[PDB]
């Protein structure tokens, strides 16, 4: 019943994430290779340090992140998770740690084309299974051809192969792909987005002791400009 005590006793904070989402979380060559890195990971490390424990990153696909939290495979879920009303029926969320827009990644040659909703409606769109960007397309563009894919890298791969024309994703991720790759760009078209649905850490309900610690760390990071600095550090790093 006491999250903070259980965490101290097992000597680790277990954080479920989906590392297909630079600059939030992704894989990098770090003193060797195969390391999960990113702004969410730095923030999780800050939470583990506050609790005086080791950080364990449990990687999985995004549509299983909240499921694993719900069933006790993780203490927290940190994966650029939008704090929605519907999600708040099942989970508690920390205060927001970062707020951003949702945009489309397209080929550079198509940037002049994909400027409105009308252009997307006949295009082949992809979004990640179990995400807010996926729901927005389903809800606002129900006659667009939507392919839902488990892994975000796989969606961008289909974009590059030309099977997909546009990929809906959090803007910092689209900006990262566009910056790291010559023939990709962020489109100007955007769908209607919900106010205050920002990124937050998810917890199981009645985890108030642990929520307080997570909130304290997040507040300090926001007050020091540190989450923003984490994202900029991440954008310097090389994906794998």
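Numbering follows the first chain given and starts at 1.
Colleague: Out of 73-81 and 119-127, which stretch has the higher average CA B-factor listed in the record?
Modeller: Looking at the record's C-alpha B-factors, the answer is 119-127.
Colleague: Going by the average Cα B-factor in the PDB entry, point out whether 222-230 or 21-29 comes out higher.
Modeller: Stretch with the higher mean C-alpha B-factor: 21-29.
Colleague: If you check the C-alpha B-factor for each of 34, 176, 45, 68 in the entry, which is highest?
Modeller: When the deposited C-alpha B-factors of 34, 176, 45, 68 are compared, 34 is largest.
Colleague: Which one of 141, 102, 95, 152 shows the biggest C-alpha B-factor in the PDB entry?
Modeller: Top of the list by C-alpha B-factor: 141.
Colleague: Ranked by Cα temperature factor within the chain, is residue 208 in the lowest third, the middle third or the highest third?
Modeller: Tercile = middle for this residue's CA B-factor.
Colleague: By the record's CA B-factor, is residue 59 among the lowest, middle or highest third of residues in the chain?
Modeller: Within its chain, residue 59 is a middle-third residue by C-alpha B-factor, going by the deposited values.
Colleague: So where's residue 113 on the chain's Cα temperature factor ranking, which third?
Modeller: Within its chain, residue 113 is a highest-third residue by C-alpha B-factor, going by the deposited values.
Colleague: Among the modelled residues of this chain, does the Cα B factor of residue 189 put it in the lowest, middle or highest third?
Modeller: Highest third - that is where residue 189 ends up once the chain's C-alpha B-factors are sorted.
Colleague: So where's residue 88 on the chain's Cα temperature factor ranking, which third?
Modeller: CA B-factor rank for residue 88: highest third.
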